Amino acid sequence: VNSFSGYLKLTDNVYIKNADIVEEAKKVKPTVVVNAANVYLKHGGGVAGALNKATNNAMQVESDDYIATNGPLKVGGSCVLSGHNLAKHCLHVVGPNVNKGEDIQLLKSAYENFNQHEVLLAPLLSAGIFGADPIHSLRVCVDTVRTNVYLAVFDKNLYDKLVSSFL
C-alpha cells in the first residue's frame, strides 16, 4: 500500500489521474518524481518548467552544476538528482522531442529508465510540447514499464481521451 489517491488502475502496474504533476508531488512527496527533461537539463516549460518553478529554481541550479561536470544527457537517457521540496529524488528522463526531429523509437528506451525505480510519479514522455501522440506514449509506457507508475496528466480533456481509448 502507498499514498497515491484517486488514481485509476489501467494495468497490474500502471495507474493514471488528471492532475498537475507538481501539485501531486507537493501532496504525496513520492520517493521519485519523473521530470520530462531535455539533454541540457534546461527546465523552461511544460512539466520541467513547472517542476523547476515549484523548487524556486533550485532544480535548475543543481542541473547546471550536473551538466558542467558531466555534459549533456542522451536522448532516451536519464539522471537521478534531488527532488528538492517535491520528492526525495527527481529522475530526469529525456524522451525524444518530435518538434526537434528526434527518433520516436527512442521513447521505449526513455521509459526503460523507470524500471530502475520501484515506484514513480511520472508524466507521459514525449507528449505535450515534445510533439508525440499521448495515446502512443501511454501504450509504450504500459508495454515497457514493469515497476509501479502513477501517471499524472495535466489536460483534463486529454485524460478523458486517454482513458476512453485505452486498450
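Numbers for residues come from their place in the sequence shown, where the first is 1.
Student: Quick one: higher average CA temperature factor, 1-9 or 157-165?
Tutor: Mean C-alpha B-factor is greater for 1-9.
Student: Comparing 40-48 with 127-135, which stretch shows the greater average C-alpha B-factor in the deposited entry?
Tutor: The stretch with the larger mean CA B-factor is 127-135.
Student: Would you mind checking which of 117, 26, 108, 53 has the top Cα temperature factor in the PDB entry?
Tutor: Spelled out: the listed residue with the top C-alpha B-factor is 26.
Student: Just grab whichever of 35, 113, 31, 57 has the top CA B-factor as deposited.
Tutor: The C-alpha B-factor peaks, among 35, 113, 31, 57, at 31.
Student: Lowest, middle or highest third: which one holds residue 84 when the chain's residues are ordered by CA B-factor from the entry?
Tutor: CA B-factor rank for residue 84: middle third.
Student: What third of its chain's C-alpha B-factors does residue 121 belong to: lowest, middle or highest?
Tutor: Within its chain, residue 121 is a lowest-third residue by C-alpha B-factor, going by the deposited values.
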